[PDB]
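Shown below, as structure tokens, is a lone chain in the form deposited in one PDB entry; questions about how it binds or moves come after it.
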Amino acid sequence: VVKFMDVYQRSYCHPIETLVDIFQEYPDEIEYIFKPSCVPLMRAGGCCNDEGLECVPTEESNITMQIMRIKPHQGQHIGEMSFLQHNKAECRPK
């Protein structure tokens, strides 16, 4: 059984590795097929224990990954894509 102090600390609002579907970040590119179709990004997660607060990113930056992009019957290429990352996260008023 996990100790309360662990549960409490771990579950607390922090940037956590999150698998994000590429379409969420590049919705204009829906007719394309991405390989892989999701990228691992550090995003604000966890809960606050103050009700009136909510976990929100406070320091952002972009990261670049090589992604295969495919257009059915027209082309394919492996190129770089920028994704939004959360370098810092903290609880704040709603």
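Note that residue numbering follows the sequence shown and begins at 1.
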**Prompt:** Do the C-alpha atoms of 27-35 or of 55-63 have the higher average B factor in the entry?
**Reply:** 55-63
**Asked** Should the higher mean CA B-factor in the entry be assigned to 46-54 or to 64-72?
**Response** 46-54
**Item:** Among modelled residues of the same chain, the CA temperature factor third for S82
**Value:** middle
